[PDB]
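Chemist: The numbers in the sequence shown follow the entry's author numbering, run straight up by one, and end at 29.
Quick reminder that beta carbons are idealized off the backbone N, C-alpha and C, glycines included.
Below is one structure. I have some questions about it.
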Amino acid sequence: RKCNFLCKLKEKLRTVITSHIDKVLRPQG
């Protein structure tokens with residue numbers, strides 16, 4: 001929660017803040 005998907009919601013691959021929730025498979029990658 002902060003902005004939107006691919007940011008701090010439905011993540012992608014990064015670290016913690018942008019790797020927070022994710023679809024479920026891979027927040028940090």
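In angstroms, rounded to a whole number, what distance separates the CA positions of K23 and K2?
Modeler: Each residue's alpha carbon lies about 16 Å from the other.
Chemist: Suppose you measure from the CA of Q28 to the CA of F5; what does that come to, to the nearest Å?
Modeler: C-alpha separation (whole angstroms): 14 Å.
Chemist: Is it the case that the Cβ atoms of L13 and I21 are separated by a distance below 8 Å?
Modeler: No, the pair does not count as a contact, with Cβ atoms beyond the cut-off.
Chemist: Cβ atoms of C7 and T18: under 8 Å apart, would you say?
Modeler: Their beta carbons are under 8 Å apart, which means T18 touches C7 by this criterion.
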